[PDB]
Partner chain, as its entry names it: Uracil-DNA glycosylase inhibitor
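Listed next as structure tokens is one chain, alone, in the form deposited without the partner chain.
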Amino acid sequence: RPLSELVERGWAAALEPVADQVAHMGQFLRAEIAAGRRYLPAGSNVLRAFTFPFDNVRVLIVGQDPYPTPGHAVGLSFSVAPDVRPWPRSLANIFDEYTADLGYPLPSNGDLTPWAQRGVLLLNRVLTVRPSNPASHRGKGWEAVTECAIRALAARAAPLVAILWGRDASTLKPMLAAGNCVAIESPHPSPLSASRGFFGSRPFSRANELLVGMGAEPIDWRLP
């Protein structure tokens, strides 16, 4: 099916170069299901980050791959449905850095939709995973799709801050080598990496300063 039926029109146009590759991922996922290998998030959420406008992205957050526990991943990186408790460990760590950085109260729930509505792209390098099996779809073809997405954002030459969480930061910095783009990296907020440099990294305020430096508006990070 055309990308216009799956994602927002700006993103469908941006992802043109990889439309074949998306179709290929569709076929891969169907074959996974036929083989009894379920994946997460749900099909209809795989491309959810791309359903918010391409032209409005001011901050890109890039994680690794989706939550591996059924019931967590929703297609916006790090987000969960509002009724999910406990929060997954990465999100609880995100939220503690949020309060330390911004001084806002702990959020009421784990739903990051407000960020997505305000120009934050909640991306993962790999857009699917098998239950209970982190990184199990690494190297299966998403990387070309997400590379196109990152490079197409950069190519707009609009103010853009990328927050790179975890191992793929190095790989990714060159994709953001363009005017009006800044990439900032840290270790990932996951259980055993967060205390190796995610905590104390102050990404929210930093992104805002960098945006304002460039003449852009800051993100209102405040969650209900």
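Residue numbers count along the first chain shown, from 1. In this text, the rigid core denotes the largest set of C-alpha atoms whose superposition between the two forms falls within 1.5 Å.
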On average, which has the higher Cα B-factor in the deposited entry, 33-41 or 171-179?
171-179
Can you tell me whether 190-198 has a higher mean C-alpha B factor than 58-66 in this record, or the other way round?
190-198
By the CA temperature factor listed in this entry, which of these ranks top: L91, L106, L123, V129?
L106
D83: which third of its chain by C-alpha temperature factor?
highest
In terms of its chain's C-alpha B-factors, the third that includes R138 is the highest
State the tercile, meaning the lowest, middle or highest third, of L211 with respect to the CA B-factors recorded for its chain.
lowest
Using the B-factor values recorded in the entry, state whether the Cα atom of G71 falls in the lowest, middle or highest third among the modelled residues of its chain.
highest
Can you tell me which third, lowest, middle or highest, the CA B-factor of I163 falls into for its chain?
lowest
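The same protein has a further form, the form solved in complex with the partner chain, not shown here; the description that follows concerns it.
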Wondering, does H188 line up within 4.5 Å of the partner chain in the deposited complex on heavy atoms?
yes
Does any part of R89 reach within 4.5 Å of the partner chain in the deposited complex? Heavy atoms only, please.
yes
Indicate whether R118 is a 4.5 Å heavy atom neighbour of the partner chain in the deposited complex.
no
Test of understanding: in the deposited complex, would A135 fall inside 4.5 Å of the partner chain by heavy atoms?
yes
Within 4.5 Å of the partner chain in the deposited complex, heavy atom basis, the matching stretch of 34-42, 151-159, 173-181, 65-73 is 65-73
For the three residues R9, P53 and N56, which mark the spot I'm curious about, does each lie within 4.5 Å of the partner chain in the deposited complex through at least one heavy atom?
no
Comparing between this form and the one not shown on the core: of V46, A194, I61, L172, the CA moving 2 angstroms or more sits at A194
